[PDB]
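To start, the structure itself, in structure tokens.
Chain A is the first sequence line, chain B the second, and so forth, proteins listed ahead of strands; every chain is numbered from 1.
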Amino acid sequence: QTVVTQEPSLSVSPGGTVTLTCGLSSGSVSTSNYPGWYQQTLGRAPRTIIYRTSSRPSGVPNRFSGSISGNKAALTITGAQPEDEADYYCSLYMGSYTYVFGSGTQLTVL
Amino acid sequence: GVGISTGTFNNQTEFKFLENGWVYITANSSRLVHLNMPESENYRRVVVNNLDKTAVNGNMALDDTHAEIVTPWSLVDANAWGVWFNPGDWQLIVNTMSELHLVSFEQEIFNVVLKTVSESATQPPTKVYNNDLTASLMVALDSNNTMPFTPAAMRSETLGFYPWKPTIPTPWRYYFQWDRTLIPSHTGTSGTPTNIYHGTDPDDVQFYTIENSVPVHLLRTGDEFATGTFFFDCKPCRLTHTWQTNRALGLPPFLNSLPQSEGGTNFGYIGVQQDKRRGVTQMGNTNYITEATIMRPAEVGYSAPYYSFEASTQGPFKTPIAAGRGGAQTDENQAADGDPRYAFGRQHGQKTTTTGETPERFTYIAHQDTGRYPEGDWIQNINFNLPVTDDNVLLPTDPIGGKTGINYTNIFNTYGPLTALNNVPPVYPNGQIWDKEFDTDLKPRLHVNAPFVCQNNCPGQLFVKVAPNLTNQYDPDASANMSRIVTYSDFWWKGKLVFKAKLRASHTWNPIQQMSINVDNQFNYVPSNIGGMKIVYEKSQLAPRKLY
Amino acid sequence: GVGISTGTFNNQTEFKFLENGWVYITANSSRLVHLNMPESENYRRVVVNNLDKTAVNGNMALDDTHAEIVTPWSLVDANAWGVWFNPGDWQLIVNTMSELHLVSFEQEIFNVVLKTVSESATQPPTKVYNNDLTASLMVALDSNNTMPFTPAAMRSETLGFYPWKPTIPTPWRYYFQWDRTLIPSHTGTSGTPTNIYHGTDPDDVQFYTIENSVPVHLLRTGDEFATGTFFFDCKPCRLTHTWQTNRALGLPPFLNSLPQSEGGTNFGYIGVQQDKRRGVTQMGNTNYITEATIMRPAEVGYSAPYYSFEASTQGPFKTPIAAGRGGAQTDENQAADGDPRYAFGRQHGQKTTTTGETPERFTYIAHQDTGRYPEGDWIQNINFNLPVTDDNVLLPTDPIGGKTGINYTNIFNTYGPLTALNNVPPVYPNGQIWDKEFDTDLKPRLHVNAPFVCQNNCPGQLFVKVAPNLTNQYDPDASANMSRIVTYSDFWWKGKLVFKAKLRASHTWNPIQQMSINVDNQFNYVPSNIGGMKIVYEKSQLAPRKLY
Amino acid sequence: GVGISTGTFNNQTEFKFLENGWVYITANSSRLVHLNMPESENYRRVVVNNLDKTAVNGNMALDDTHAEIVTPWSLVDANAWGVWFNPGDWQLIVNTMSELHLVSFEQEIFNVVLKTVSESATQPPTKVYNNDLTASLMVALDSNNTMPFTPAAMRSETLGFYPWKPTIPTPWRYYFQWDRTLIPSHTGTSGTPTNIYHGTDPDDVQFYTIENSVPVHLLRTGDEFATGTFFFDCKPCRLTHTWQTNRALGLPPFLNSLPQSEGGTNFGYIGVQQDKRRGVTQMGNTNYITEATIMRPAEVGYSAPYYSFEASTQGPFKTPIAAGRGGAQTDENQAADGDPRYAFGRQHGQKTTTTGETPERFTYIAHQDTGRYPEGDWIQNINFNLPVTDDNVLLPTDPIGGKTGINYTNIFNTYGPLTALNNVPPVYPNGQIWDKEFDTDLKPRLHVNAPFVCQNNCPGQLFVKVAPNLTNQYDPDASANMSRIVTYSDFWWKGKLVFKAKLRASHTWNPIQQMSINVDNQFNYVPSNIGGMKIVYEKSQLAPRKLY
Amino acid sequence: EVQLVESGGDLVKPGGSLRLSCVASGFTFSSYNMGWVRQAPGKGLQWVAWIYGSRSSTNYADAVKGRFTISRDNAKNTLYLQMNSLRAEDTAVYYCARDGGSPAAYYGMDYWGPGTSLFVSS
């Protein structure tokens with residue numbers, strides 16, 4: 001069974017740079033997986049931050065950048081703001097029409 | 001009747017020389033054809049599916065998924081060079097002739113024999129063969145070309161190349177429409193790439209049957225069938241190759257200094273600075289006039305994405321190319337895209353005494369120099385500041401898409417209004433002779449599988465079958481398979497292929513390349529001590545001709 | 001005279017059946033055309049400029065900058081399928097016919113009526129309409145094709161599709177030369193991209209006027225105008241589609257093992273290792289013979305950069321493609337590049353009782369399978385080591401130029417000498433019938449907007465105008481606008497379009513696709529309880545034909 | 001001779017288009033016919049009696065008692081649509097044609113083969129088949145129609161519908177006169193209802209034999225038989241259906257108020273009181289003029305007692321009806337009386353790979369609306385006081401004879417001088433084509449089993465038999481059965497059926513109903529992966545025509 | 001613009017069935033592939049079902065195969081998720097997901113709805 005692994009928790013100081021990583025226990029993540037990054041706040045529905053590994057939906061601040069680093073997907077937040085503290089979830093397209101979701105990373109802005 | 005022959009065996013090639021250097025080449029080909037009664041008397045719609053093979057990431061090029069109608073009929077196909085010419089005839093043609101025309105085709109079936117097999121109940125196998133004088137052979141000539149065109153040479157399934165070796169027809173089948181999707185992957189892709197067969201589009205269904213489309217003749221032992229002469233309207237086929245690349249078109253530069261002593265190290269020099277020379281170039285922002293930048297009338301050959309696979313309604317297929325790779329003549333290991341590879345069995349040139357399912361294979365290297373050497377290609381900035389720097393030049397070693405094994409030449413297309421190219425050369429003995437033209441509104445400028453293309457039409461496919469020989473217990477209401485008396489046929493097929501050819505002329509002081517027997521290839525043309533024969537491939541466009 | 005009619009209303013389609021399966025289809029079309037006197041009696045050189053829209057980064061595709069000569073004349077255009085055929089006639093044509101020829105065209109204007117409007121000074125509006133028996137209608141037939149060709153079907157501005165609904169002509173205008181530069185950008189580009197309109201090149205100026213170029217006829221109430229019969233020289237138009245992709249060309253592989261039980265899970269198997277098979281391939285460095293690598297006569301369709309915009313002297317324009325997207329039939333949502341989208345008003349198929357400026361729209365999916373499925377394409381190394389690894393394969397998901405939304409297929413071109421494609425199918429009712437050929441030295445192989453192209457010429461454009469009806473206070477020296485009596489015209493236009501068509505034949509055991517009325521589309525062909533009519537689009541190439 | 005063929009296989013349908021929209025449709029049908037030597041060489045007068053079944057009260061409808069002469073001959077019958085047309089040909093005919101004429105019929109037997117079977121005494125069965133070159137096949141053409149007319153389509157016993165599937169002839173038998181009485185009963189009747197078979201009337205005896213009535217040809221392996229062309233004189237067959245009921249004949253009432261908004265709830269209103277309207281009615285004692293009471297030119301269709309069984313000299317038989325039930329189109333479950341039900345085996349459309357004796361069945365629903373909806377019928381008093389009260393109206397729910405399951409409509413007949421009806425539509429593939437007319441003085445206006453009826457005569461029945469192959473121990477004086485060498489025959493039957501048809505014309509703005517292949521029925525027209533074929537029924541009268 | 005609203009979430013006993021309805025607005029519903037994701041109380045997001053193509057092809061996660069059915073009605077612009085044989089492990093907030101790529105799917109959830117809570121308890 002496909003398992004997506006990402007850091008359970010991460011921290012970043014205000015105005016700093018943080019990177020959340022999303023990998024596969026077996027295999028590597030590529031642009032063919034169409035990595036997507038979604039942000040969720042307490043008591044609110046998920047918000048799409050990145051799609052197709054690089055595309056942020058209109059209204060998403062430019063401080064969020066998606067890329068493929070090594071064999072994993074990377075979401076970099078530069079100049080992290082207090083409102084960026086949330087649960088970030090990674091979605092991998094596992095071929096055919098199957099989608100898998102990562103465990104999620106709780107990013108807290110100090 | 002029963003004891004009267006209905007035809008004569010003829011396998012002679014006649015060269016009747018005309019006035020003005022023209023010759024009629026009439027090749028006669030006679031074969032003994034053995035046919036078994038079909039495994040099934042019905043038409044089957046069979047889906048061949050190999051999703052297991054392509055489920056391995058990176059194996060999408062091995063896709064074999066398709067759908068075919070398997071028919072109870074067999075196809076008699078003589079559309080191969082080896083069916084008509086032996087190595088001596090081909091040598092004469094390729095050495096003494098400069099161009100070849102396809103004039104006419106005839107075929108006929110005679111001396112039909114039908115035999116039934118009676119197998120005894122004795123524990124050790126034992127059987128007898130009896131003449132069934134009232135049995136019939138069903139012969140259908142699709143002179144109207146109603147049935148799908150399925151040339152057998154592409155599958156190495158034409159008639160045998162040896163007059164004295166009995167041959168067989170190929171069971172006939174055609175493609176039925178299907179829908180298929182296959183997302184490409186590679187070793188290292190994670191997940192299961194989309195790989196499904198979607199079925200059939202009802203608007204594209206076309207179920208053909210020989211019975212409903214073609215008249216059928218029932219030939220008994222005393223009957224014969226003749227198709228009648230068909231006349232082609234194809235273009236001439238050149239038996240000469242062109243050697244001139246864009247670098248060898250037009251007037252060479254004048255050498256103001258010539259070597260004073262013979263030797264490989266002594267070179268003539270233009271004697272004028274490249275930026276001080278006179279001439280015409282298409283580069284309007286540079287004063288350099290060199291052999292690579294000077295204007296030429298047009299472009300010889302073209303570049304296309306090689307080993308590119310395009311996906312369509314029915315799956316992925318390789319993108320064809322008209323010309324072979326450049327440098328395959330300086331290095332035979334460079335033969336790849338555009339250099340056709342022929343694989344064949346013992347009927348069609350392989351050593352007849354070999355054992356195993358491994359076919360004999362050869363890659364054909366054409367003498368024409370219309371190919372490309374992508375390792376020597378490059379792109380550079382419009383500014384054209386020399387010597388060019390890193391960021392202003394895209395080289396064949398520069399990764400494209402982040403892949404170090406893919407460069408721009410792999411996705412590079414230079415076909416345009418200035419492209420000039422040649423038709424594919426004949427491939428002996430395994431190459432196809434003529435091919436039907438596509439029924440599209442806009443038609444391709446050439447075919448890569450046969451030197452002759454049928455503008456309007458070319459002779460109808462010949463289909464043969466053993467008429468059902470029922471037992472006394474036939475019941476059409478039964479869902480079980482029809483019970484037939486085991487029957488088979490042996491009939492003599494005779495064909496006449498007429499070409500018109502032009503005798504070559506000596507245009508230069510030096511002699512030209514000719515095909516000759518020598519110590520190395522001496523035994524490729526004679527049988528072994530046990531009768532083992534083979535037919536090795538021969539090149540056709542040996543002599544050169546000037547392109548410009 | 002005043003009280004004598006000069007023509008007859010005829011809107012009947014006649015099918016006169018000939019010998020050998022041919023039929024003459026003469027479509028008669030009669031309309032009542034209402035024309036108002038032009039807003040201005042002068043020619044205007046108007047520059048339309050929308051730099052505000054394209055100043056938004058990423059909106060360069062919405063460029064509308066151009067220059068047009070607006071003329072006081074109106075264009076009478078009947079170059080649309082709906083002007084000539086109703087759904088029943090189209091059903092008969094597309095179901096019973098296999099090919100269509102464009103034979104001839106005639107048009108005429110009769111029963112000219114000119115009325116002046118007198119508006120009273122009473123505070124509540126009130127007006128009367130009086131016959132101006134001496135007023136004239138100016139009619140110009142550009143039989144020499146001197147004026148620019150401006151077909152109205154591309155703007156949905158031909159005559160109405162309903163015989164009983166009066167229609168109008170479209171005000172005529174043509175393009176005047178201009179220079180424009182627009183550097184593309186995207187959401188996130190910093191700065192102001194270069195966006196200027198440079199004016200007009202004096203060497204390209206071409207100011208046309210109907211008066212100086214065409215004879216003009218003045219038609220009073222008792223006059224009529226007939227253009228005379230024009231005869232076309234176009235190519236035949238196929239009413240059949242091709243389904244065969246490169247994967248379905250030629251002889252299928254022989255299946256050594258066939259299924260023993262019917263069912264979707266039971267497949268036939270070739271029974272031979274892919275590297276031990278016999279056949280011909282263009283890959284000279286591999287022994288694999290599969291459905292994707294085996295040689296085919298040519299290529300069906302081609303790949304081109306889709307949604308690519310090329311900039312030229314006058315700005316950016318989308319690169320056209322001959323064929324639609326593959327997979328738009330398996331998934332209607334895949335219709336995009338090459339699948340024409342038609343937007344039209346209430347005159348040309350939209351529900352006549354609808355309110356608002358929103359047009360009725362539909363994307364046309366052709367039945368022909370010449371399209372491409374770029375998601376299933378890939379490139380790989382010449383070495384062809386299987387399974388292919390990451391660096392040796394460029395997939396449609398690999399970024400090109402560093403952009404994750406752009407892949408090689410977006411910039412991929414596979415057009416070549418082996419490409420075979422079909423002409424665009426007729427689009428009913430909103431599609432154009434015939435189009436003038438370009439006056440370039442090298443001409444395109446087809447047009448994407450009309451199935452018939454005018455090799456030499458096709459009938460001159462018909463222009464109508466209301467002759468100036470001056471008052472008693474006219475002063476040509478005054479710089480103010482000409483003062484005219486408010487005048488308008490109503491005249492009957494009758495046209496005859498003659499086609500030659502061939503009756504289709506049944507080639508296969510199975511039936512084919514036919515257009516039929518059913519419960520779902522039953523009310524698309526009849527008026528509503530208040531008279532609301534509509535004309536939904538119909539597909540033309542319903543029946544299949546074999547490509548090879 | 002022995003090794004010479006005497007005919008050619010032809011199974012092609014040709015559509016030769018004439019002037020004025022007429023087409024000659026010549027359908028060729030070729031079959032391989034297998035025939036076994038008759039079980040008995042004698043004529044037998046066999047009484048089939050199933051008094052056990054009908055002795056159960058209420059089972060009188062299952063009566064099978066009859067007497068037949070069983071003959072040693074077999075009948076070759078091609079009087080079915082499936083013998084001549086495949087689904088594509090039928091689609092073309094029913095979609096492009098409006099009427100059909102039966103022009104001519106030919107049939108012939110050729111390539112006769114006779115084989116004897118030798119069975120060994122070995123304990124495990126084993127047998128051989130030898131050609132009997134001197135054996136004969138007895139062929140009798142009853143061109144004078146002396147023998148009783150016994151069409152095989154009513155028993156699903158014509159030749160097979162697949163050209164590539166060998167077929168068989170049906171053993172021939174005819175009805176011998178008998179007397180039978182059967183008093184109807186029901187579940188609950190007390191006692192034994194009168195149920196006897198009284199024997200044969202000497203004045204009605206008619207014992208026919210092929211030998212004494214028809215010339216017999218003895219065909220050896222080198223012989224062939226041709227019947228010669230027969231020409232029909234039948235009436236045209238309409239390929240269009242009528243939809244107009246008596247409620248849709250003539251001028252509709254004028255609507256003084258029309259809907260102001262489209263929608264299903266907005267209706268137009270006549271605007272005049274039903275008793276204040278103008279018009280003509282056949283009810284001379286009422287002032288009401290409504291859609292149900294207004295006069296119509298005549299009556300479309302008629303009502304007859306449905307599922308009524310009439311007893312005659314030979315027992316009970318169901319009363320036939322010309323038209324099918326009304327409402328079978330709004331509810332397919334309403335198909336019953338007048339909607340023919342066809343049951344057939346694997347030779348005649350059933351999936352050829354099915355197992356068991358259960359036949360494939362379908363009920364045919366004609367598109368013509370000449371049927372009746374008896375649940376909506378009623379009778380009422382001549383006084384016509386509205387609203388009608390209980391005693392003045394007889395409803396379909398009112399018991400007749402004290403039975404709550406029988407109402408007046410069950411015994412209701414409305415056939416009269418004003419009745420207008422249509423001929424039965426062709427039923428493909430299982431329907432009969434032509435039928436012999438009754439030799440009565442007064443003849444029926446139509447037949448319910450075939451669209452074409454033989455006014456004078458139609459081609460003689462073809463009978464085949466294996467000539468007796470006696471052993472050396474034959475003794476005609478012996479009372480035991482004749483001892484014959486086990487012999488059987490296989491011969492090729494070829495027939496040509498010529499029709500004349502008229503191409504349909506588009507009369508209305510809207511398109512009409514056409515037969516088309518779609519996803520649901522896509523695989524009903526192609527073989528399965530093991531060769532399983534089927535032929536599903538198709539409707540013929542698809543397009544509508546106006547009755548008035 | 002693009003809005004998705006889920007409804008039908010309610011407390012249900014184990015082994016029952018429930019149909020979640022998702023109403024979409026601001027876009028052409030039929031032109032986009034839709035799906036259902038779910039997040040268990042205190043757990044991460046988990047993909048449940050996907051519906052794609054003009055033919056309404058459906059794919060399901062292994063945890064809901066055979067038990068869940070995803071369908072769509074383009075006339076009502078609605079997406080239906082019918083769950084049968086509901087288990088305690090199915091208790092979670094179910095989110096409507098819309099893919100923003102019509103002709104070229106993003107293969108990721110472009111838009112999300114507010115979600116509907118489903119509680120499975122005896």
Self-check item: Proximal to chain C - members of residues 14-30 of chain D, heavy-atom separation under 4.5 Å
Solution: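 Interface residues of residues 14-30 of chain D: D/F17, D/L18, D/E19, D/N20, D/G21.
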
For the side chain of [X] and the backbone of [Y], is there at least one donor-acceptor N/O pair under 3.5 Å apart?
X	Y	result
C/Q91	D/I512	yes
C/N510	D/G88	no
C/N95	D/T96	no

Exercise. Decide if atom CZ of C/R545 counts as having more than 12 heavy atoms of other residues, nucleotides or ligands within a radius under 6.0 Å.
Key: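 For C/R545, atom CZ is crowded (more than 12 foreign heavy atoms under 6.0 Å).
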
Self-check item: Residues forming a side chain to side chain contact (heavy atoms under 4.5 Å, CB included) with C/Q347, sequence neighbours excluded
Solution: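 Side chain to side chain contact (heavy atoms under 4.5 Å, CB included) list for C/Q347, sorted by chain: C/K165, C/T167, C/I168.
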
Quiz prompt | Sequence-distant partners of C/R31, salt bridge (charged side-chain N to carboxylate O under 4.0 Å, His left out), two or more places apart | solution =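 Applying salt bridge (charged side-chain N to carboxylate O under 4.0 Å, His left out) to C/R31 gives none.
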
Given heavy-atom pairs under 4.5 angstrom as the criterion, report whether the side chain, backbone, both or neither of [X] touches chain C.
X	result
D/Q522	neither
D/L258	neither
D/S261	backbone
D/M533	side chain
D/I535	side chain

Practice problem: Not counting sequence neighbours, list each pair that qualifies as a salt bridge (charged side-chain N to carboxylate O under 4.0 Å, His left out) and has a residue in residues 494-510 of chain C. | Solution: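 Sorted pair list: C/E108-C/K494.
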
Enter the distance from [X]:[atom1] to [Y]:[atom2] here, rounded to the nearest 0.5 Å.
X	Y	atom1	atom2	result
C/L92	D/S506	CG	OG	6.0 Å
D/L542	C/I517	CG	CD1	12.0 Å
D/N529	C/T265	CG	OG1	9.0 Å

Quiz item: Hey, what's the ring geometry for C/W164 with D/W509, parallel, tilted or perpendicular (30° and 60° as the breaks)?
Solution: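 The arrangement is perpendicular - the two ring planes meet at more than 60°.
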
Self-check item: Proximal component of C/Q260, with respect to chain D [non-hydrogen, under 4.5 Å]
Solution: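 For C/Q260, the contact with chain D is made by the backbone alone.
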
Exercise. Tell me, out of D/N266, D/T13, D/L503, who's got the most heavy-atom pairs with chain C below 4.5 Å.
Key: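 Highest number of pairs under 4.5 Å: D/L503.
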
Practice problem: Indicate the atoms forming the closest heavy-atom contact of C/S516 with D/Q513, along with that distance. | Solution: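 Heavy atoms of C/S516 and D/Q513 come nearest at OG-CA, 3.4 Å.
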
Quiz prompt | Heavy-atom pair of closest approach, residues D/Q514 and C/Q514 | solution =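 That would be CB-CB, 4.2 Å.
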
